[PDB]
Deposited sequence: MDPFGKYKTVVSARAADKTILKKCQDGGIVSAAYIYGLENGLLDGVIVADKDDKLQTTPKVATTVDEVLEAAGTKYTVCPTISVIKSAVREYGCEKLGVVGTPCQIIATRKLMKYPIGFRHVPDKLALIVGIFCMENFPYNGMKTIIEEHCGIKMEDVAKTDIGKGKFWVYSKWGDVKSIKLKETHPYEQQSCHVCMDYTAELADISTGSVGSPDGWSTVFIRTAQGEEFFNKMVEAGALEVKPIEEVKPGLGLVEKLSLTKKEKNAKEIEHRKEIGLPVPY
């Protein structure tokens, strides 16, 4: 059972821009990459999640650094990919998504029936690690009725150390056991066989790296060229993942735990005759 898919290198990294690091709980790789690209003409638009005051999200085509800094539950990022290259005119588009969204992106590039003049405009495809997603009202139950915190009082949410975390605007930090959140997961997530966004140009997540840092997989030539430009310009700080704690072993465990679990669900669905991707 392959744990990470194919990649060229894997490092721990974080944005060198301290203002970016403040707006992100992890290494801020997506924002750093977007901003570096926009500011140097390597990207002319980037897809971000524009949430409202209720944690309700909406994908948006950002074209300025300020918009990226404002955008630092399902958000259908791929739904704006055509708008991005039509009325927004983007020719070097940055895309961000969970593994399933990166899967959708590779599918549309390979079989582009409804994607006239889209595939060649995708200049950087960034995947973020993902274990599961929740319907909004499922997450709302977790935070409000199991953690006892109002959604509008939320400034940071996180998963780690076997717990779900809510960081209140007013300073409080509350956490519960991960087993209490399982009943609220999107059950479509239970056939997902991709933890580290294996098909991205660059994949990034918090797990494997210390606080304020991200584990980054560089996978494709497009990803490697971009990442090397940011490193050479000083836009990222990079350390070997072998030097950081907890390290790549934690990423492997979580990825293999996901694939083992969801492989069981895929077989079960096949046994009772429900469809699965093939």
Not represented among the modelled residues are deposited positions 73 to 76
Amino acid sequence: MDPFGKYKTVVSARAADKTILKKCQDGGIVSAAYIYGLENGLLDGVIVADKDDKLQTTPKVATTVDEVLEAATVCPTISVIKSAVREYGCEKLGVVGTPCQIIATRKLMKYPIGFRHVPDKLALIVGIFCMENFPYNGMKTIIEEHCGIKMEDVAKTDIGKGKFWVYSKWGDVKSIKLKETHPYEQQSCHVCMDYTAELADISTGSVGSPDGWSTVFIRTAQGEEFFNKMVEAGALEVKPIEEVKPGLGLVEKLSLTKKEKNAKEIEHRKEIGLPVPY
From here on, numbers count along this sequence of modelled residues.
Per the entry, higher mean C-alpha B factor between 264 to 272 and 15 to 23
15 to 23
Select between 214 to 222 and 242 to 250 the stretch whose C-alpha atoms have the higher average B-factor in the entry.
242 to 250
Maximum C-alpha temperature factor, selected from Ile128, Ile78, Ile113, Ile143:
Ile143
Per the entry's Cα B factor values, which of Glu91, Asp201, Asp172, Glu132 stands out as the maximum?
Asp172
Rank-wise, by C-alpha B-factor, drop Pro119 into the lowest, middle or highest third of its chain.
lowest
For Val231, return the chain-relative third of its C-alpha B-factor as stated in the PDB record: lowest, middle or highest.
middle
Just say lowest, middle or highest third for the CA B-factor of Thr63 relative to the other modelled residues in its chain.
middle
Sorting the chain's modelled residues by C-alpha B-factor and splitting them into thirds places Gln186 in the middle
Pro99 by Cα B-factor - lowest, middle or highest third of the modelled chain
lowest
